[PDB]
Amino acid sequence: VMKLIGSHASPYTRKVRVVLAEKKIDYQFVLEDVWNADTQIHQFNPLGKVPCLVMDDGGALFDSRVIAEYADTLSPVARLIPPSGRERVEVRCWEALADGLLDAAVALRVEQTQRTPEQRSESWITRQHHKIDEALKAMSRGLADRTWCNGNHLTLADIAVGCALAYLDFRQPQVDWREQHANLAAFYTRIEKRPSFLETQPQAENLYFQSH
């Protein structure tokens, strides 16, 4: 059984976990804190980042885009990445847009946890918030009046966007993306109820589902 190294908070890890659930691929979720000085992540991912997927023979796969792509090939349940042409490139670009929103939001989390108050840069903070604001505008423009980001069914584009919006709710709740973008609010209401999203909420890090 493959092992996915990650954390409950990590939105790149969540993207992979959602893909694995949609694809009905069995895996073992292995919790790791990459920010701990005693982390073992570099024994598996040379970049020291999560998610990292480890196979039965010890082979390791990264990053989240590579893992998600690989996972779509492992099962016939759903087709999360179109095989070719225009729809595929669109789905890949949507994933990059969502991942870039995540890159900016995660940069903000790093500015909080990895810098002392005296080291923090207001210009860097502004820059990342500008990226989030503009990424949200593009997501709203791209989705328009449609049910899904691309074509007529859930793809990796929707999964990625869903994880990004959820990550804003979790770490950046002051960004009122729902008020700014009605179509994203509606989109998220539709995607958040999927079992794959319900089972992978970052808020599950607080151990709530271990209570009797």
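Numbering starts at 1 and follows the sequence shown.
The stretch 116 to 124 shows the higher mean C-alpha B-factor when 133 to 141 is compared against 116 to 124 in the entry. When the C-alpha B-factors of 191 to 199 and 15 to 23 are averaged, 191 to 199 comes out higher. Highest C-alpha temperature factor among 63, 69, 169, 179 per the entry: 179. Among 51, 162, 46, 151, the highest C-alpha B-factor in the deposited entry belongs to 151. Sort the modelled residues of the chain by CA B factor and residue 78 lands in the highest third.
When the CA B factors of the chain's modelled residues are split into thirds, the value for residue 93 lands in the lowest one. Sorting the modelled residues of the chain by their CA temperature factor places residue 8 in the middle third.
Annotation for residue 34: C-alpha temperature factor in the highest third relative to the rest of the modelled chain, per the entry.
In the deposited entry, the Cα temperature factor of residue 184 sits in the middle third of values across the chain's modelled residues.
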